[PDB]
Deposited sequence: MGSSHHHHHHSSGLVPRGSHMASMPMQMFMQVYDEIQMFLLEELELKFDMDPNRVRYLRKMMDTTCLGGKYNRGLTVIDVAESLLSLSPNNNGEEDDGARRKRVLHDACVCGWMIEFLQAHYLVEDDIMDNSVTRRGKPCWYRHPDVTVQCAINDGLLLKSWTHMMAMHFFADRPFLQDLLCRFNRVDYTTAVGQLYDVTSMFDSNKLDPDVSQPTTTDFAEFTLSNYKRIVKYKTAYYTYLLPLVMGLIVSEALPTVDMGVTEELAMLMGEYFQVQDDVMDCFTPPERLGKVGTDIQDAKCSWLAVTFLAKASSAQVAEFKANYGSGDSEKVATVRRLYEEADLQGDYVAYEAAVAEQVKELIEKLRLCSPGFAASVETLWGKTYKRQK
């Protein structure tokens, strides 16, 4: 029903955007059609959790008129985030030379899509966030504040990606003017935490919450400090759980996990590295980041014998407690908002 509403507004938004292209940018049916397929292919087929969160925050925080328009704004804000994610995933898939996403071939991997056009298709997607904001929210008092907060989270995510991409070798050797080396010097907990904070947490957890508040005109009503705290905790927990399941959950996972072969700066890797003996570490460095089936099994063994599963269980329990405390802090002043934070936490916790 939320989904029904959300998908109906997508059509509304897609229609505006394509008509603007034709009426105001002189575009022709052929190219309009290319971009429609790009939109659809790129923006649809996920679970729209981030969009649907905005809707939920707003409905939680709620005369028919104010309702109808608050919920419509929520939907439009929802699609701003989905479009922004789509922007980053398109460029990421090019960056990472990946092959599929969501079952389907990556955008740039499609037969009549070039890398040349794909990169710029990506840019179009982010621009579309602005265009749909500026149109649907032209009259809203909150437009300026929405734009600025959105800009900040957009910036933040790109900074996340910088941290991800430079997680591979000693940052002391970072130098555009000097050829580049696969070492483990950046594989610390603090560096891991920082990638996940900025790459993921802000736009995945914070931004949906904040946008719910803005279109509800409720933003002053909540303690932002703890709201951010919540968002960072939940965001970090998402990726840690994923990292641990990639290793230790049988393909009931829905795929074969490849984090070890792909030489990932995962929670397992950095947590292992910090606690492991010199002998164990050396075995690790010798067997990590390779397709070879035995080398992989060696790393799984090392993880098992350092009881990283035990470490996760303790970590999860600690996170769950901090989260509940903060939610309660929230609920005291902001019961509607707190409730929806609870709901978001539930689609994450122990999946």
{"item": "Deposited positions lacking CA coordinates", "value": "1-23, 86-96, 216-217, 288, 389-390"}
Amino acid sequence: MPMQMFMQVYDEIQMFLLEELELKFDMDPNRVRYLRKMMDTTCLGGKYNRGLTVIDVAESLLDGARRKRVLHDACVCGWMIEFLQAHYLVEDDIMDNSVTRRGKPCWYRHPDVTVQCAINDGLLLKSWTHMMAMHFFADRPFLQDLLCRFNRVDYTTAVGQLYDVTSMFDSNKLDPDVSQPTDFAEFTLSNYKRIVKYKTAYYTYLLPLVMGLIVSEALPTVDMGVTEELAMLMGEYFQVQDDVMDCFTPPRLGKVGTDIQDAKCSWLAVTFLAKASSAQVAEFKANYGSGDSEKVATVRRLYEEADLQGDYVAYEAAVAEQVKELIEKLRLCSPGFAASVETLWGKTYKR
From here on, numbers count along this sequence of modelled residues.
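Whichever C-alpha set is largest while still superposing within 1.5 Å between the two forms counts as the rigid core.
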property	result
Greatest C-alpha divergence in 8 other deposited structures of this protein once each structure is fitted on the rigid core, 252-260 or 214-222	252-260
Greatest C-alpha divergence in 8 other deposited structures of this protein once each structure is fitted on the rigid core, 224-232 or 185-193	185-193
Check: residue 108 without coordinates in a third or more of other entries	yes
At least a third of other PDB entries omit residue 93	no
Mean Cα B-factor comparison, 131-139 or 182-190, giving the higher one as deposited	182-190
Comparing 325-333 with 10-18, the one whose average Cα B-factor in the PDB entry is higher	325-333
Selection from 37, 31, 295, 50 [criterion: highest C-alpha temperature factor in the record]	295
C-alpha B-factor winner, where the candidates are 252, 149, 199, 126	252
Position of residue 115 among the chain's modelled residues by C-alpha B-factor, lowest, middle or highest third	highest
Lowest, middle or highest third - CA B-factor, residue 87	lowest
Modelled-residue ranking by C-alpha temperature factor, third containing residue 290	highest
Residue 98 by Cα B-factor - lowest, middle or highest third of the modelled chain	middle
CA B-factor ranking of residue 156, expressed as a third of its chain	lowest
